Structure formats: structure tokens, C-alpha cells
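A lone chain, given as C-alpha cells: the form deposited in one PDB entry.
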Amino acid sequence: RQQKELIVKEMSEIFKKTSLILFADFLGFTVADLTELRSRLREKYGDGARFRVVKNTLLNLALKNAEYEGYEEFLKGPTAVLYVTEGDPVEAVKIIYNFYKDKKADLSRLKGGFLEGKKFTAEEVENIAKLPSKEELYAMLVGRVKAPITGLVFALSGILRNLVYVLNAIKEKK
């Protein structure tokens, strides 16, 4: 059909800049289901993330050309692909995760993929869905680094706060 080369070249260049690639078994899901998942994804990513159905053969060639390795396992049988080209990469995983849950689907259907290059398995999907966004991770990092200073201030002002605390407790008793 040769239009394949168009998609393989198209797909290949996409996989070179993705921050997320996740393989999902969407077999059995309906047309309405597809539209719905894509709608949830756009609500957060605009054009930045996609959920597409592509023949394993072409998908395999695109991944291959992208220089990825050990993905063959995720391609056993018709497989759809979820990927992010712009924005937080973790949110897309949380979206499809709770979507499968909303659909009472076997979460093992989320086979695995690559998170910013790092391969992850079906089991780790749940761990990724529990990760805070990258933006929140940065906020958390700032707090972790600052903890000694914050701990110092609170430890010191706590001596006076404990006074106010017990005093209100005495008042409370009456």
C-alpha cells in the first residue's frame, strides 16, 4: 500500500521526541470508548498526546528506526500506542489507567513502554500512575532540600507554640 512508509516515517520521527510511549491492548473496546479516551487525553494535552491504533508491523518498524530496544514483548498481538510529545509525561499514564478502571478492564492490558526512555513493565504502570507530576516533583524537591532549614525554624517556634497550645487546652477544659 506504500502509504505505510508515510506512517513509518511519520511514526519514527514521533518516537524520537516522545517523553512517553505506552503499549495497550485495546481489543474489545468500542468506537465510543476510543473517542472517549482521546477526549480525556485532549482535555489535558491538546495536540500534545495521542492514542493511536497502528499495525504491529509498522509500529515495530517505527520503534526500530527510533533505536528502541526490548519492545518486542509489548507487541504480541494488535497493540495501540499512547504517547506524549509535549507536556508532563506521567499524567497521560494516570488518564489511561483510570480509564481502563472506569471500563472494568484488565489493567494487565496496559503492557508497558518507555518513560522518557526508561523501559517499564505492565506491573510498573501502577507505580507510574502513583508518581506526582514532574511539576509537583520539583516543588517536592525544593521542600526536601529546604527541610533542614524549615525544621530548624519550626523546632524553635514550636517551644512557644506549645505554650499557646497547652493554654488553649486549659481554657478548653473550662
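Residues that one form lacks are left out of the comparison. Residue positions are given as counts along the sequence shown, with the first one as 1. For clarity, a rigid core is taken as the largest C-alpha set superposing within 1.5 Å between two forms.
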Mean Cα B-factor comparison, 132-140 or 111-119, giving the higher one as deposited: 111-119
Take the C-alpha B-factors listed in the entry for 91-99 and for 78-86, compute each mean, and give the stretch with the larger one. 78-86
From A24, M11, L152, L20, can you pick the one with the highest C-alpha B factor in the entry? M11
If you check the C-alpha B-factor for each of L34, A147, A66, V125 in the entry, which is highest? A66
Going by the CA temperature factor in the PDB record, which third of the chain does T57 belong to: lowest, middle or highest? highest
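From this point on, the text means the form deposited in another entry, which you will not see here.
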If you fit the rigid core and then compare C-alpha positions between the shown form and the other one, only one of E136, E124, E116, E36 moves by 2 Å or more. Name it. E136
Large Cα shift (2 Å or above) at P148 between the shown form and the other one, core-fitted: yes
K17 C-alpha relocation of at least 2 Å between the shown form and the other one, rigid core basis: no
Can you list, in sequence order, the runs of 3 or more consecutive shared residues with C-alpha shifts of 2 Å or more between the shown form and the other one on the rigid core? 1-6, 132-174
